[PDB]
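Coming up, as structure tokens: structure 1 and structure 2, two forms of one and the same protein chain.
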Structure 1
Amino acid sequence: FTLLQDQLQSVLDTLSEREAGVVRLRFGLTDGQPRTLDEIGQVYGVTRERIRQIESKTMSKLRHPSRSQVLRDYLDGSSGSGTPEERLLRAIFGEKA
């Protein structure tokens, strides 16, 4: 069985280096502390607005079946976890999936 953590790592590796880092910071996969968009601009040295553009665009890349179709099967087991991985999954798939 491929663990959700390992599947997410492989999916994030299909993103650009900055997209992957922004995602990990935003959902606290880095250390367990999620960051605001202002903080992610702090990092990477860009405005809050570019962090927002990157986040929205990266989220739509992740939702496309090329990256989402094998993650979708983990949603039910991960929902109600309280984990950072569940948080990212729920942001990808929405709260009605």
Structure 2
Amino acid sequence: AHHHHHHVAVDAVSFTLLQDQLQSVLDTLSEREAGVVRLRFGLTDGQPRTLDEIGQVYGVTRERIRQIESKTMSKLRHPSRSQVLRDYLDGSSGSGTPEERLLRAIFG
């Protein structure tokens, strides 16, 4: 209902990444930017798409898709959107869950 998550390691570092918070990251992008990200990384159907396949979807060249992907990644890293991304990467905390509220009450 909200539980879908993935455990991922990058180097010695572990993340727990909640689908609901990924949706919040994507919601901050335009329709085309989020659509290019979903297609490129296979976020919906599991099949990461080539630049040519994405170009076909959006009626633009492979080079245009490369530019859209590049700009989108710059946007995702830019400090103006860094809070939404920090909260995504901090999914292991369980910040904001009902369970966190219950444990706070039990443990005082």
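Numbers given to residues start at 1 and step along the sequence of structure 1. The term rigid core refers to the most C-alpha atoms you can superpose between the two forms while keeping them within 1.5 Å. Residues that one form lacks are left out of the comparison.
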Rigid core fit then residue 24 CA moved by 2 Å or more between the two structures: no
Core-superposed C-alpha of residue 45 shifting 2 Å or more between the two structures: no
CA of residue 59, rigid core aligned, shift of 2 Å or more between the two structures: no
Core-fitted comparison between the two structures - CA shift at residue 76, Å: 9.0
Consecutive stretches, 3 or more residues long, displaced between the two structures (C-alpha shift of at least 2 Å once the core is aligned): 1-3, 64-94
